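This document opens with one chain alone, in structure tokens, the form deposited in one PDB entry.
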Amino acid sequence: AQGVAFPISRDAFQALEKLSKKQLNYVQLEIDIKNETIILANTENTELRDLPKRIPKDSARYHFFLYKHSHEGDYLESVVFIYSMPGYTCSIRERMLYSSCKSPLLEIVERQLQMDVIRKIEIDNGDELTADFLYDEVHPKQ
């Protein structure tokens, strides 16, 4: 292997596999330090107006959405990877397990599920998750 990495758990993958066909659009995950792996946390209904309330404020967590946009005269819709952590109150062993799985957990979407991804968005608090921010993250000045 090129570096340190960890697998996904069954329940987390059992939701990401359905998100790869627009079936859910609202998957919620967390790490399991007991096994150093990403596990499922929720799959209750959420939209980009209710997403800020799913995001925590005292721990790191992982989240996925399906964002909708338009360019060059056509309309398009696909998966977004979203991450949250506070830094000010999460445990040292928590935050560095999240960041260490961030690369292989994206290859499990892009290469094991063979599914495209809109963006790899990151927030401090989730209050910033809005249709204006999701546009500005996907259409930067680059």
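The numbering used is simple: start at 1 and walk along the sequence shown.
The same protein also has a form deposited with a partner chain bound, omitted here; what follows describes it.
- Within 4.5 Å of any heavy atom of its partner chain in the deposited complex lies no heavy atom of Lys22.
- Remark: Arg95 counts among the residues lining its partner chain in the deposited complex, judged by a heavy atom distance of 4.5 Å or less.
- In the deposited complex, no heavy atom of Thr43 sits within 4.5 Å of its partner chain.
- Its partner chain is not drawn, but in the deposited complex it has a heavy atom within 4.5 Å of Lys120.
- Put simply, of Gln112, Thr89, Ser70, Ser99 only one has a heavy atom within 4.5 Å of its partner chain in the deposited complex, and it is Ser99.
- When its partner chain is considered in the deposited complex, only one residue from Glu77, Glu47, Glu36, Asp58 comes within 4.5 Å through any heavy atom, namely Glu36.
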